[PDB]
Amino acid sequence: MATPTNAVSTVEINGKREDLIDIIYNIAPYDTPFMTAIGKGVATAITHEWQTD
Amino acid sequence: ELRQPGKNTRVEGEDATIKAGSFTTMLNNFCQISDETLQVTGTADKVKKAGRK
């Protein structure tokens, strides 16, 4: 009972390899609602100018 | 160079006493290192400028 007397089990062997998931789980928030909502554009100078009417 | 001319009168059969010769002159100069350095920030190359790309 409770494993035969002289059976070879995982307790006795020594060459067992490790098991790694190979995936890293990161759930920290990095969403940018305002940046995603607004538009994109290109500026060609230190000062950016526009007009209203 | 050559020596300056002068009086040259000798007694007959003077059993010449051997006059000293002339030797060259050594001149030398040292080397010199000149350099110029320049540093430009990254922003100064992206903005538009008149007359330069």
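Chain A is the first sequence line, chain B the second, and so forth, proteins listed ahead of strands; every chain is numbered from 1. These values consider heavy atoms only, across backbone and side chains, with no hydrogens, waters or symmetry-generated copies.
Smallest separation of non-hydrogen atoms from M35(A) and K40(A): O-NZ, 3.0 Å. Nearest heavy-atom pair across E12(A) and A7(A) is OE1-O, 3.6 Å. Heavy-atom minimum distance, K49(B) versus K46(B): NZ-N, 4.4 Å. Here the closest non-hydrogen pair linking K16(A) and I13(A) is NZ-O, 3.1 Å.
Atom CD1 of residue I21(A) and atom CG of residue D19(A) lie 7.5 Å apart, to the nearest 0.5 angstrom.
Put simply, the side chain of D45(B) reaches to within 4.5 Å of the side chain of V40(B), judged on heavy atoms. Contact check for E49(A) versus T47(A): side-chain heavy atoms found under the 4.5 Å cut-off.
Cluster membership for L20(A) and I23(A), using ILVMFWY side-chain heavy atoms within less than 4.5 angstrom, is shared.
Around the CZ atom of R3(B), the shell of radius 6.0 Å holds no more than 12 heavy atoms that belong to other residues, nucleotides or ligands. The environment of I38(A) atom CD1 is dense: over 12 non-hydrogen atoms of other residues, nucleotides or ligands sit within 6.0 angstrom.
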